[PDB]
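What follows is a single chain, given as structure tokens, in the form solved without the named molecule.
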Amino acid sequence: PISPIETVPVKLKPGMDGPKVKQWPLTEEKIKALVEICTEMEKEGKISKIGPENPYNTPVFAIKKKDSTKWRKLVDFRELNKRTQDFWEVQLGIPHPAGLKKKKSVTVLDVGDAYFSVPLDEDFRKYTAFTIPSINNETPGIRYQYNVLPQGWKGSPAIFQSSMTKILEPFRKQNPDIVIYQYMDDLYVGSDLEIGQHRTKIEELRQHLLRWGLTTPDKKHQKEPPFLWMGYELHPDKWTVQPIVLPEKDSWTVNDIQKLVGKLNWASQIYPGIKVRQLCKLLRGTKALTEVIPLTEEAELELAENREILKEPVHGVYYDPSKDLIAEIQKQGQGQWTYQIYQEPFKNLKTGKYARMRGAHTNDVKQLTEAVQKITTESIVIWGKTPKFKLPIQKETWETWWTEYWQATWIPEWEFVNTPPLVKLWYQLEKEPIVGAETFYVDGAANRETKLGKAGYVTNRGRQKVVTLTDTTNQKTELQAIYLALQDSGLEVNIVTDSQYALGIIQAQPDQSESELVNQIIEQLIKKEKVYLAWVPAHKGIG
């Protein structure tokens, strides 16, 4: 029902006019239906007939939703919404169940339709105008306007939540134990009061909201634990993952395989073990969404082993502020990481995975740093704090690497957890030239336009080689030059190049790239006992 709540002023988008999109022609039936819905809606004080002086409009539609098989009313605020101002960000970020504080009792009220009880800025009410079509066209359709936050109007969400906040202000301070959380159509009330008191309390709240027009459904349409959440079942002392199923069948469309690959990937976070390589493979060279791709043995298998992991259940523990927040991370392959955040062993609040990018130029300690970091952000967001870290890296290693890296980089307080594979430094360019090691003056170059070039080297001790490349680039020749020197030397080499990319590799000593060639080079680089890379400028007589 309408209310004694302070309306918020609303304006249109920078110099704009209200919508004037004529009413579609309706069925005598669809009309009747709408009129009735309307005389009802009018009297609950939600809308009010208006007239010719209102020039505005939006189309009203009639959907016979066979859910209650009567005609439901729909109003297309699409156009009004394009012309409505902007509001501050309706803060997006679903809270995470593992960030919920464990309350001895918890209640969750669906304040859904509460928004239809918040009045609209009386000045803006002219824009939400609409019409009910007459049968004998060009006979005045019955015209109206909303006195309340319309459903599907740009502002309703923004406004309703602020109203709810002001309305809850009193109670929230009148009850410093009552922890209430507001989000979309949901009020989460949890405390450590005894069942009976708490119950009583939820009743106070509900009356209080009834005090301003916000009616809460209480018996016939209530919500009893567990409480749902996009695939969450809140419980008393754990949260659960509403099971998810992989649509079984034997006629897989491209659509179906994408969506599938979709759910599978969404799942891989809380279900480390889900793999999708062979399902993705069925996508190769496809020519249509409806294209039916038969599955290889492997797809079937993987797709099968996955239904297994899902059959399983992932429980979670709640936040106990009196306890440590911890985060362990482990490396699943070069650049793929898993972590789990817990306070007491095995009782974890959250777990996750980061299938990485395969950057154009990196190293593992660097990527570790980046996972630590994304975690940290995520922790702070959920728990307002940052976990003590447990990581698969010796400390001398952190040290050895970061104290000298060119980039500023850091990882907050942590401890080394010795559970493999440990992340470390695959190679380490020497600091000074290697004495007694051959010195390969290398060089390569190519007709940038015809793409033919050569690459090779010459050494202080006699050896030499040269190759002629086809469909190459100056960069690649310069590189192959170093490759061959690596290939043809002993365990200790001193190599000299004037390739600037080699200037990079010395600074950043990569261990993964985009170039197969640079990779070969990392491979060869790891293979030696000592390798000193010296750079010298070009066209000068160095070598």
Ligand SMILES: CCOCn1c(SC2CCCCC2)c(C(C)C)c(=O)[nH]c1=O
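Start at 1 and count along the sequence shown; that's the residue number. Take the two forms, superpose them, and find the largest set of C-alpha atoms that agree within 1.5 Å; that set is the rigid core.
Of the two segments examined, 409-417 and 132-140, it is 132-140 that shows the higher average Cα temperature factor in the deposited entry.
In this entry, the higher average B-factor at the C-alpha atoms falls on 175-183, of the pair 373-381 and 175-183. Which of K287, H361, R199, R284 has the largest Cα B-factor in the deposited entry comes down to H361.
As recorded in the PDB entry, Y271 shows the highest C-alpha B-factor of the residues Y146, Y271, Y339, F440. In the PDB entry, a CA B factor belonging to the middle third of its chain's modelled residues is recorded for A534. Ranked against the other modelled residues of its chain, the C-alpha B-factor of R277 as given in the entry falls in the middle third. The PDB entry assigns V458 a C-alpha temperature factor belonging to the lowest third of its chain's modelled residues. Compared with the other modelled residues of the chain, the Cα B-factor recorded for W212 ranks in the middle third.
Among the modelled residues of its chain, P226 has a C-alpha B-factor that falls in the highest third according to the deposited record.
What comes next is about the form solved in complex with the named molecule, which does not appear here.
Stretch 222-230 is the answer when you ask which of 249-257, 222-230, 337-345, 353-361 has residues with heavy atoms within 4.5 Å of the named molecule in the deposited bound form.
The single contact residue among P243, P433, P294, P95, judged by any heavy atom lying within 4.5 Å of the named molecule in the deposited bound form, is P95. Among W266, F416, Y181, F87, the residue placing a heavy atom within 4.5 Å of the named molecule in the deposited bound form is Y181. Interface residue remark: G190 is counted as part of the site for the named molecule in the deposited bound form, having a heavy atom within 4.5 Å. Remark: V365 does not count among the residues lining the named molecule in the deposited bound form, judged by a heavy atom distance of 4.5 Å or less. The closest heavy atom approach of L168 to the named molecule in the deposited bound form falls outside 4.5 Å.
Remark: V106 counts among the residues lining the named molecule in the deposited bound form, judged by a heavy atom distance of 4.5 Å or less. Along 303-327, a single residue, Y318, places a heavy atom within 4.5 Å of the named molecule in the deposited bound form. Summarising the superposition on the core between this form and the one not shown, the listed residues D113, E399, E203, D320 contain exactly one with a Cα shift of 2 Å or larger, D113. Shown in the overlay between this form and the one not shown, fitted on the rigid core, is a CA shift at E138 of 2 Å or greater.
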